[PDB]
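J.: Below is a structure I'd like to ask you about.
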Ligand SMILES: C=CC[C@@H]1/C=C(\C)C[C@H](C)C[C@H](OC)[C@H]2O[C@@](O)(C(=O)C(=O)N3CCCC[C@H]3C(=O)O[C@H](/C(C)=C/[C@@H]3CC[C@@H](O)[C@H](OC)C3)[C@H](C)[C@@H](O)CC1=O)[C@H](C)C[C@@H]2OC
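Residue numbers (the entry's author numbering): 41 to 142.
Below is the structure:
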C-alpha cells in the first residue's frame, strides 16, 4: 500500500545508517531518534542520495551503495570519510511532505 511516492521537490523524513566498506559505522540518525529532513533532487545532499531515492513509498527501506564520484570524491569529508571512499547507506522513508496547493 503506497498512495504517494517520492518525487523531485518532495520533503522527505528519513532514518539512516552510514557505513564504510570495512563495515564500520560512521553516522546514524537512530540513536538520537531524530529523522533527517531534506528536499529531494535539489542538490541539498550528495548525488547518490538524490539519484537513489526516487519512487519510494513510506515504510520502504533501501540499501544504497554509493561510489565516491557520487559521494565526497577525492577530498572526502574528514574525519569520518576518507577520500575515494565507497559509502553504504541503509535508509528508511518515514514521511513525505509535499506542497499540494499552488
Ligand atoms: C553547517 C553544518 C553542515 C550541515 C549539517 C547538518 C544539517 C546536519 C546533518 C544531520 C548532517 C550530518 O551531521 C550530523 C552529517 O551527515 C553525514 O555523517 C552523512 O551521513 C552524510 O554523508 N549525509 C547525511 C545524510 C544525507 C546524505 C549525506 C549528506 O548529503 O549530507 C549533506 C552534505 C554533507 C552535503 C555536502 C554539501 C557540500 C557539497 O559540496 C558536498 O559534496 C557534494 C555535499 C548535509 C546533510 C548538508 O546538506 C548539510 C550540512 O552538511 C556526513 C558525512 C557529515 C554530516 O555533517 C557534516
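Quick reminder that beta carbons are idealized off the backbone N, C-alpha and C, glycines included.
Going residue by residue through the stretch 89-134, where are the continuous alpha helix (DSSP H) segments of at least 4 residues, counting only ones entirely within it?
T.: none
J.: So is the beta-carbon of residue 136 under 7 angstroms away from any non-hydrogen atom of ligand 1?
T.: Mapped onto the chain shown, residue 136 falls at position 96. Outside the cutoff, so no.
J.: Report yes if the C-beta of residue 86 is less than 7 angstroms from at least one heavy atom of ligand 1; otherwise report no.
T.: Counting from one through the chain shown, the residue named residue 86 turns up at place 46. For residue 86, the shortest separation between its Cβ and any heavy atom of ligand 1 lies below 7 angstroms.
J.: With distance defined between alpha-carbon atoms, name the residue in 138, 142, 139 and 131 nearest to residue 58.
T.: For this step, residue 58 is matched to residue 18 along the chain shown. With distances taken between Cα atoms, residue 58 lies closest to 131.
J.: Give the single residue among 89, 78 and 61 whose Cα lies nearest to the Cα of residue 110.
T.: As a working mapping, residue 110 is identified with position 70 in the chain shown. Of the listed residues, the one whose Cα sits closest to residue 110 is 89.
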